[PDB]
Structure formats: C-alpha cells, structure tokens
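Here's a solo chain for you in structure tokens, the form deposited in one PDB entry.
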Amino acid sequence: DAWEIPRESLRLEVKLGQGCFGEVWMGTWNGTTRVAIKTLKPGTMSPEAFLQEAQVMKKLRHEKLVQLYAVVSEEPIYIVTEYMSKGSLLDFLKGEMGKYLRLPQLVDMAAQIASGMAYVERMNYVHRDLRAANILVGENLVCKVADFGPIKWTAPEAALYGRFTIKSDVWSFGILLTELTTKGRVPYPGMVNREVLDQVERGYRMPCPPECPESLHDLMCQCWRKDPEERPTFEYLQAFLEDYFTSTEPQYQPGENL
C-alpha cells in the first residue's frame, strides 16, 4: 500500500500524551516534515483490523479534518498525521488561551468544526464521538475534527437505541457549542451520567450560558430537538455560524468573558 513508509523515516521527538488508541508524539518525517506520530501497543489491534479502520482516514480529505500522512501497518503499528500545534480544543479552552477568547473567536471555531462535519455529512459518514476532546487546534485558531469513533455528548436515540446518524452528531455539536461558550466546562454541571439521560428524555435542556446571546442558545436548542429529522444540517450550521455577527447578532458588544 502507498501509505506505507519505512520505520527509519520517523523520529519521535516529544511525547504529547495519550491518544484514543495509543500514545502520541511530536516528530519528524523524512527528516523534513513536522508530524504527529501515534504508536499502538502490540496487544491492541491486529494489522488486518487496523487496515479496515484506517480506511476511513485514507478515504476522507478535507481542510478541517486532521489529515493522515502515512502508516506503518505491521506491529508495532505507527500512525502519522499532520501536527496540530495547540493540542485538543478542550485543553485549549481550559488553559491560558481561554481567557482571551471571546464570542467572535469561539463562533469562528464552531464554524470550522461545522465545516468539517458538513464534509462528513456530504460523504454520508458519521462521526459518533464529536466533542471538544476530539477537536484539535493549530496555528491561527485553526480547528480540525479528529478521532472518528460519553453520555453527556450523546443524543438520546443513539445512547438508548443505537441510532447513530449525522443527526446524532448534530446533537453532539450542540453540546460542543456549550463547551466553547463555557471555555471547556463539563456539560450538565453537577449532574452524573444517570441523571442526564433521564432528564433529557423528560425534556430537560441546558440553559443559556452566562453572557452567551440568546440567539446562539436557540441554535443549541435546534441541535437538541427530540426528533432527529428536525435538527438542522451541518450545511445550515456552517452558514449560520459564518454569517453570525452580520445576520444574527449585528449589535454584538464584547463582554468580560464573551
């Protein structure tokens, strides 16, 4: 396969953390290319199983999806992608950058993510695990969708009946909008998993975050409609967020946190 590279073309320089399946390093590819490198422990997945899973990353190509560069598909398995210099969106929001982010930046990040998901939508794929921990951030506030597949992010028909669709991703996107506007707080604060699913079935929805405009919370509520077919498309969500400060909140004024 043409995605295969030799093991000696990689250098793992800085350990970054724990990715969804293995550990992740910042490194160099072919001595010239800055890359992110993920290592899978030999016990985790067969080479046959891995090639089926990696097929998605080989299929999909979009500026807002983290881009696969190369693989070493024999154990021990290595996965090589573009390097996202700011790490996960969740860490980004919680960390030192959080306090400088205001609504225009956060809405712009949301628009990029929706753009990535609109591509996933047009390709008839489903993410199944959309949330800030699975979004990566680069230079210039670039955001990209990563780690294709957490009850608090999961639509009730998906959690209850296994109905994972692009519409359940739309629900998750609405929850991701609250992470953005709270600078990364856990959704449903003070509620454990068990309360959440029951509360949501009886119609409970998170309220408007402090300093978040009502019109953006209305968009969240559209994402959290009980009937999945009544939720907006990502194409709609992308356009709404890109146009937000002209068409929807032309009179926005900066606040203390948003």
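Just so we're on the same page, rigid core means the largest C-alpha set that superposes within 1.5 Å between forms. For every residue, the number given is its place in the sequence shown, counted from 1.
Note how many residues of the deposited chain are left out of the model between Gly149 and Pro150; the options are none, 1 to 3, 4 to 9, and 10 or more.
In the record, 10 or more residues between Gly149 and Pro150 lack coordinates.
248-256 versus 1-9: which one carries the higher mean Cα B factor per the record?
Averaging CA B-factors over each stretch, the winner is 1-9.
Check the entry's C-alpha temperature factors for 229-237 and 38-46, then say which stretch has the higher mean.
Mean C-alpha B-factor is greater for 38-46.
If you compare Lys64, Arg205, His217, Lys59, which has the highest Cα B-factor in the entry?
Across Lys64, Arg205, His217, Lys59, the entry lists the biggest C-alpha B-factor for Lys59.
Would you mind finding, among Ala110, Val71, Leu103, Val120, the residue with the largest C-alpha temperature factor in the entry?
Among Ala110, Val71, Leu103, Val120, the PDB entry lists the largest C-alpha B-factor for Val71.
Quick check for you: using the entry's CA B-factors within this chain, is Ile166 in the lowest, middle or highest third?
Answer is lowest: the recorded C-alpha B-factor places it there.
Can you work out whether the C-alpha temperature factor of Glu96 puts it in the lowest, middle or highest third of the chain?
Top third by C-alpha B-factor.
Ranking every modelled residue in this chain by its Cα temperature factor as given in the entry, which third contains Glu75?
Within its chain, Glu75 is a highest-third residue by C-alpha B-factor, going by the deposited values.
The same protein has a further form, the form solved in complex with a partner chain, not shown here; the description that follows concerns it.
Only one of 59-67, 210-218, 22-30, 195-203 has heavy atoms within 4.5 Å of the partner chain in the deposited bound form; I'd like to know which.
Flagged stretch: 22-30.
Would you please decide whether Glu75 lies within 4.5 angstroms of the partner chain in the deposited bound form, comparing each non-hydrogen atom pair?
Close contact is absent here: in the deposited bound form, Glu75 is far from the partner chain, nothing within 4.5 Å, heavy atoms only.
Contact with the partner chain in the deposited bound form for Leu106, defined as at least one heavy atom pair within 4.5 Å: yes or no?
Output for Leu106 is no: heavy atoms all beyond 4.5 Å of the partner chain.
Just checking whether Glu82 would be counted as a contact of the partner chain in the deposited bound form - the rule being heavy atoms within 4.5 angstroms.
Judged by the heavy-atom cut-off of 4.5 Å, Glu82 is well away from the partner chain in the deposited bound form.
Might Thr154 be said to contact the partner chain in the deposited bound form, defining contact as any heavy atom within 4.5 Å?
No, no contact at 4.5 Å.
Pick from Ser88, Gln112, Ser168, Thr178: which has a non-hydrogen atom within 4.5 Å of the partner chain in the deposited bound form?
Contact residue from the list: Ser88.
Which of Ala158, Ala118, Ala133, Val126 has a heavy atom within 4.5 Å of the partner chain in the deposited bound form?
If I apply the 4.5 Å criterion carefully, the residue I get is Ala133.
For the list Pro210, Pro42, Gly203, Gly31, which one shows a CA move of 2 Å or more between this form and the one not shown after the core is fit?
Result of the superposition: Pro42 is the only one at 2 Å or more.
Superposing on the rigid core, is the Cα displacement of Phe21 between this form and the one not shown 2 Å or more?
Yes; that C-alpha moves by at least 2 Å between this form and the one not shown.
Closer or farther: the CA pair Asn193/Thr44 in the deposited bound form, versus this form, with a change of 3 Å or more?
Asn193 and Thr44 sit closer together in the deposited bound form.
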